[PDB]
Amino acid sequence: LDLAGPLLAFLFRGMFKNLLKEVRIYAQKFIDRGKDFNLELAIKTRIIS
Amino acid sequence: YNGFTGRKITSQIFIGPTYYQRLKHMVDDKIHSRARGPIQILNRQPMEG
Amino acid sequence: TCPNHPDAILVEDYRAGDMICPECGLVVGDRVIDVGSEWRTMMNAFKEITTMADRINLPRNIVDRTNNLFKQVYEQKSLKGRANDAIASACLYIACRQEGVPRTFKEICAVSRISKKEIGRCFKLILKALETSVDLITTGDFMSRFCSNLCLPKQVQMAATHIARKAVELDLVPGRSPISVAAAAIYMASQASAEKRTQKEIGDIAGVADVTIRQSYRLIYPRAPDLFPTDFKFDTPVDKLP
Amino acid sequence: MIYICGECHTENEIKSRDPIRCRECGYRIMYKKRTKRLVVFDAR
Amino acid sequence: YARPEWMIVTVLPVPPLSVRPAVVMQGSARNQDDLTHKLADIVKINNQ
Amino acid sequence: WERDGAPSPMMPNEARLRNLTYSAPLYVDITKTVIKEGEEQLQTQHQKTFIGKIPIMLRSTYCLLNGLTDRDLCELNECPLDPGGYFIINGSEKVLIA
Amino acid sequence: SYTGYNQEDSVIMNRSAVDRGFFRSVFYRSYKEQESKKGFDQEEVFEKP
Amino acid sequence: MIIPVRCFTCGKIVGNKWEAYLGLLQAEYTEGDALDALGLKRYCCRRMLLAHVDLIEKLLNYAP
Ligand SMILES: [Zn+2]
Ligand SMILES: [Zn+2]
Ligand SMILES: [Zn+2]
């Protein structure tokens, strides 16, 4: 039986992978541009929320 | 005893306290009539108004 | 359009959705009113705006106003050369200022990926293009957020708000940014109250350099007591302060 | 136009234009006051 | 009743306004039906 | 977060009344290390980086109505007999079916 | 089987008991309406027309 | 929520017996003994107090 926890844990990893993918994409743009990136700006908070 | 006439009923009636429930289904929530109502503009057919 | 009554205000009827002569009863139009429907009975910027709002935990109505402002400024295109992120930050600042919970340029820079200079430039450009204006910020607007980020009680918050309002009324801080005055009031209220805060924490929270805090504090330093609320309890006397 | 605060139950007259909020509480949930008009109930 | 040439669409009919009406949403902002949008695209390319 | 941006604890009844989502902010400690092939390493840590909000199941360890006595719940306009175990999502009480 | 009005899973209720509050209930319907300022041209507000 | 004024079945007054009924129970009376002390002979009226749930008490735990 998948209760609220395991069901929620199923969503979180998909949504956390998107978060980690998103910061990778955001950072790659700035790193290629030659300028360091701001971590706070790289994170898209709406992905998990 | 018969309420209308007061005469004893020949059969003796099983009577006692039983727990009854009123269900959400009321007739007022269900009764509805339609008579030359607000048809749709596109289909020219009946619709709720 | 009653044939008998030229120029008659037909009455809409919801029974069948028809307009009837107001004084004939004749039904003009069988069921044309459509009662049910009538009576109730460019991308990558909205996402970025939402991310900025989430980083501040600001409410969705401000986000909708920011999106509306962004759509507008994208319609005029009076600032096409500016980066989309800068325009989004300027729109967010404008919306926050308009709804009555203004933030500081440093509180949008800390969220956006641009510096305060571009945020201000785009703010001015948008205000010029949109032909709209925003009410001037007051020192009491930044009081609640500054004192909520800090662990100061509500009593200290009210004390600081009253100190700052009276100081600005008394012209003890002429021409100084309201944020510095708010920081100085918060500092004096915290030092006088049980819960004490140093200049560093207040500067970080309000984004004001400690030197500016000292400069704005020395102007109101001699007038500390009369700015405090009359009914104010404290453990460290207001009669002695650093 | 009296609104009762949901937190402190303060009656405060609020205009249509001005924002809805408790004058002293700061609470953001407001309840309208009961109508002064008289409504008849049959005790049936 | 039918000819092979008639199968080719040389002239495209336009459905009446009754077939495709102008819906009203968010006030007076007339919401054109999907057919109108395709019709708008058809006429634009046809003129071009 | 109010319009002015002032945070405040969200009671489950207020979420129900104002059609809010009963969500808790989520933060993560992020350590960033950068190497520039110059035999120097800079390691900067961003403590408590906001990453989202988790909807909270009522009367759970992370709910505000956790450990509150029945009298305390009544003060918050909460039914003590209410079992919790659901989420308030836009004011709607949502139950996760197993 | 009193008068035939309880046949086929029907019930005869006491009117006097109903008059006294027997199975009386309240029905609460809650209506929510929000005013949205989306769109510069249109701005809906609460006021009696 | 609150004790009915009348017994549903016969219309006997029951609304002035809930407080006495609770008092009698506090006096170690059995539920049947308390009902007999209160004059509730017909089981329809005994049903009224034996099966009553006084929710008005907990409803008053919420501040107006
Ligand atoms: Zn006429
Ligand atoms: Zn209040
Ligand atoms: Zn009885």
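Residue numbers (UniProt numbering), protein chains in the order written: chain A, 519 to 567; chain B, 1155 to 1203; chain C, 14 to 54, 114 to 314; chain D, 15 to 58; chain E, 242 to 289; chain F, 225 to 322; chain G, 910 to 958; chain H, 1 to 64.
Quick reminder that beta carbons are idealized off the backbone N, C-alpha and C, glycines included.
{"query": "Inter-residue spacing [alpha-carbon to alpha-carbon] between residue 96/C and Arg132/C", "result": "A gap in chain C, from 54 straight to 114, means residue 96/C has no coordinates in the model shown."}
{"query": "The region 4 to 22 of chain H / the region 923 to 939 of chain G touching (three or more Cβ pairs under 8 Å)", "result": "yes"}
{"query": "Candidates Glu21/D, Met15/D, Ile16/D, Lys50/D, of which the one nearest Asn301/F by Cα", "result": "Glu21/D"}
{"query": "Same chain, Cβ closer than 8 Å to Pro304/F, five either side skipped, listed in chain order", "result": "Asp294, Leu297, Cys298"}
{"query": "Contact test: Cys39/D Cβ vs ligand 1 heavy atom, cutoff 6 Å", "result": "no"}
{"query": "Cβ separation of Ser161/C and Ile186/C, assumed to be a contact under 8 Å, to the nearest whole Å", "result": "6 Å"}
{"query": "Cutoff 7 Å: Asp207/C Cβ touching any chain G Cβ", "result": "no"}
{"query": "Option in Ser269/E, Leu276/E, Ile283/E, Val284/E with minimal Cα separation from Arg261/E", "result": "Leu276/E"}
{"query": "Inter-residue Cα distance where the pair is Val264/E and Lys947/G", "result": "20 Å"}
{"query": "Stretch pair the region 1189 to 1197 of chain B + the region 30 to 45 of chain C: three plus CB contacts closer than 8 Å", "result": "yes"}
{"query": "Outcome for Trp52/C when other beta-carbon atoms lying within 10 angstroms are tallied against a minimum of 16", "result": "exposed"}
{"query": "Closest residue to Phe300/C among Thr211/C, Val253/C, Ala236/C, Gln148/C (Cα-Cα distance)", "result": "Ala236/C"}
{"query": "Residue nearest to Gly229/F in terms of C-alpha spacing, selected from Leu291/C, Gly153/C, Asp307/C, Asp126/C", "result": "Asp126/C"}
{"query": "Proximity below 7 Å, CB of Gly308/F to CB of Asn243/F", "result": "no"}
{"query": "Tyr289/C to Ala256/C span [Cα, whole Å]", "result": "5 Å"}
{"query": "Cβ-heavy atom distance, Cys22/D to ligand 3, below 6 Å", "result": "no"}
{"query": "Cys298/F at chain H interface by Cβ criterion, 7 Å", "result": "yes"}
{"query": "Limits of the unbroken beta strand (DSSP E) element including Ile1163/B", "result": "Taken as a continuous stretch (DSSP letters only), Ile1163/B belongs to no beta strand (DSSP E), as it is neither H nor E."}
{"query": "Counterpart residues of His270/F in DSSP-defined beta bridges", "result": "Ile254/F"}
{"query": "Own chain, CB closer than 7 Å to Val954/G, minus 5 neighbours either side, in chain order", "result": "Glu944"}
{"query": "Alpha-carbon spacing of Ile166/C relative to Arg227/F, whole angstroms", "result": "13 Å"}
{"query": "Close Cβ partners of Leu197/C (< 8 Å) along its chain, the five nearest in sequence each way excluded", "result": "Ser150, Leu151, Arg154, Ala162"}
{"query": "Partner residues on chain F for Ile565/A, Cβ-Cβ distance less than 8 Å", "result": "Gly276"}
{"query": "Nearest-angstrom beta carbon gap, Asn129/C and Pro279/F [assumed within contact, 8 Å]", "result": "Not confirmed; about 15 Å, so no contact."}
{"query": "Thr1172/B beta carbon near ligand 3 (any heavy atom closer than 6 Å)", "result": "no"}
{"query": "Contact belief for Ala239/C with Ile292/C at Cβ below 8 Å, rounded distance in angstroms", "result": "5 Å"}
{"query": "DSSP three-state assignment for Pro174/C, whether helix, strand or coil", "result": "coil"}
{"query": "Given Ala1189/B as reference, the closest of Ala29/C, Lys200/C, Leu39/C once Cα atoms are compared", "result": "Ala29/C"}
{"query": "Contact list for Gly1191/B against chain C, beta-carbon separation under 7 Å", "result": "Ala29"}
{"query": "Coarse secondary structure for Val41/C, derived from DSSP in three states", "result": "strand"}
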